[PDB]
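Here's the structure we're looking at; comments come further down.
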Protein chains: 2
Amino acid sequence: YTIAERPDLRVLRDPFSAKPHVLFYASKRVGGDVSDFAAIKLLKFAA
Amino acid sequence: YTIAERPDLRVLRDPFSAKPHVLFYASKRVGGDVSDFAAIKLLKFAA
């Protein structure tokens with residue numbers, strides 16, 4: 001499993017959009033699916 | 001014809017209002033009309 005990420009979390013705040021409120025906008029961006037299909041086995045409980 | 005203007009291009013980026021966007025607001029200002037009415041003649045195609 002290969003996770004790709006950017007290791008910092010961008011933070012913004014704005015009295016400018018809503019006037020009496022502050023509205024903290026924080027976001028980080030991150031993603032990943034499997035790189036190697038032979039390296040993960042699963043336990044199915046059915047059969 | 002006399003053109004009056006400011007020689008720049010004011011850029012204001014706005015992460016705040018359109019929140020997942022950046023929203024560059026750029027505005028220069030310019031005006032102008034004819035200064036010497038004798039120095040422009042026209043070709044009318046009618047009559």
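Residue names in the structure tokens use chain letters A, B, ... in the order shown, residue numbers from 1 in each chain, and ligand numbers from 1 in the order shown.
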Can you write out as a tab-separated table which residues of chain A fall within 8 Å of chain B, alongside each residue's closest atom pair and its distance in Å to one decimal, counting only C-alpha atoms and ordering rows by chain and ascending residue number?
```
residue	atom	partner	partner_atom	distance
A:14	CA	B:16	CA	6.2
A:16	CA	B:16	CA	6.7
A:17	CA	B:17	CA	5.3
```
Limited to N, CA, C and O atoms, could you put the picked residues into a file as a CSV table (one decimal), in the first residue's frame?
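File written: out.csv
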```csv
chain,number,residue,atom,x,y,z
A,14,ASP,N,-11.0,33.5,8.2
A,14,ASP,CA,-11.5,34.7,7.5
A,14,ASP,C,-12.6,35.4,8.2
A,14,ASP,O,-13.8,34.9,8.1
A,16,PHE,N,-13.6,37.9,6.7
A,16,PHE,CA,-13.9,38.6,5.4
A,16,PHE,C,-15.1,38.0,4.7
A,16,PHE,O,-15.8,38.7,4.1
A,17,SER,N,-15.3,36.7,4.9
A,17,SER,CA,-16.5,36.1,4.2
A,17,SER,C,-17.8,36.3,5.0
A,17,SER,O,-18.7,36.9,4.5
```
If we count only C-alpha atoms and set the cut-off at 10 Å, which residues sit around stretch 35-39 of chain B, ignoring sequence neighbours fewer than 4 positions away in its own chain? Please answer as number ranges by chain. B: 1-3
Export, as a PDB file, in the first residue's frame, the selected residues with N, CA, C and O atoms.
```pdb
ATOM      1  N   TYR B   1      -6.770  61.851 -30.306  1.00  0.00           N
ATOM      2  CA  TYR B   1      -7.339  60.983 -29.289  1.00  0.00           C
ATOM      3  C   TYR B   1      -6.372  60.906 -28.120  1.00  0.00           C
ATOM      4  O   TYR B   1      -5.187  60.627 -28.310  1.00  0.00           O
ATOM      5  N   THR B   2      -6.872  61.165 -26.918  1.00  0.00           N
ATOM      6  CA  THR B   2      -6.055  61.178 -25.712  1.00  0.00           C
ATOM      7  C   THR B   2      -6.485  60.054 -24.785  1.00  0.00           C
ATOM      8  O   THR B   2      -7.660  59.955 -24.436  1.00  0.00           O
ATOM      9  N   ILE B   3      -5.538  59.207 -24.404  1.00  0.00           N
ATOM     10  CA  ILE B   3      -5.764  58.078 -23.517  1.00  0.00           C
ATOM     11  C   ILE B   3      -5.148  58.429 -22.175  1.00  0.00           C
ATOM     12  O   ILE B   3      -4.010  58.905 -22.120  1.00  0.00           O
TER      13      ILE B   3
END
```
After least-squares alignment of chain B to chain A over all Cα atoms in order, what RMSD do you get? 0.6 Å
Would you return as an mmCIF file with N, CA and C atoms, in the first residue's frame the members of chain A that DSSP assigns to strand (DSSP E) on this structure's backbone?
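Contents of states.cif, as written:
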```cif
data_model
loop_
_atom_site.group_PDB
_atom_site.id
_atom_site.type_symbol
_atom_site.label_atom_id
_atom_site.label_comp_id
_atom_site.auth_asym_id
_atom_site.auth_seq_id
_atom_site.Cartn_x
_atom_site.Cartn_y
_atom_site.Cartn_z
ATOM 1 N N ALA A 4 0.477 8.485 -0.808
ATOM 2 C CA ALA A 4 1.104 9.710 -1.266
ATOM 3 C C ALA A 4 0.488 10.856 -0.490
ATOM 4 N N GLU A 5 1.320 11.775 -0.014
ATOM 5 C CA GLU A 5 0.790 12.872 0.772
ATOM 6 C C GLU A 5 1.694 14.082 0.639
ATOM 7 N N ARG A 10 -2.671 23.002 5.528
ATOM 8 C CA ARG A 10 -2.806 24.431 5.293
ATOM 9 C C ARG A 10 -4.011 24.958 6.062
ATOM 10 N N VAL A 11 -3.813 26.079 6.749
ATOM 11 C CA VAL A 11 -4.792 26.652 7.663
ATOM 12 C C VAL A 11 -5.063 28.084 7.220
ATOM 13 N N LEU A 12 -6.340 28.459 7.181
ATOM 14 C CA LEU A 12 -6.800 29.775 6.769
ATOM 15 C C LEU A 12 -7.887 30.200 7.745
ATOM 16 N N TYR A 25 -10.733 27.526 8.012
ATOM 17 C CA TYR A 25 -10.663 26.546 6.935
ATOM 18 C C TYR A 25 -9.317 25.842 6.961
ATOM 19 N N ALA A 26 -9.321 24.560 7.301
ATOM 20 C CA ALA A 26 -8.087 23.795 7.354
ATOM 21 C C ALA A 26 -8.208 22.589 6.443
ATOM 22 N N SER A 27 -7.143 22.303 5.697
ATOM 23 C CA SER A 27 -7.183 21.174 4.781
ATOM 24 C C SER A 27 -5.796 20.595 4.579
ATOM 25 N N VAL A 30 -4.118 14.093 0.568
ATOM 26 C CA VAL A 30 -3.545 12.784 0.840
ATOM 27 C C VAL A 30 -4.279 11.772 -0.030
ATOM 28 N N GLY A 31 -3.575 10.727 -0.442
ATOM 29 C CA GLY A 31 -4.182 9.739 -1.308
ATOM 30 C C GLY A 31 -3.384 8.460 -1.322
#
```
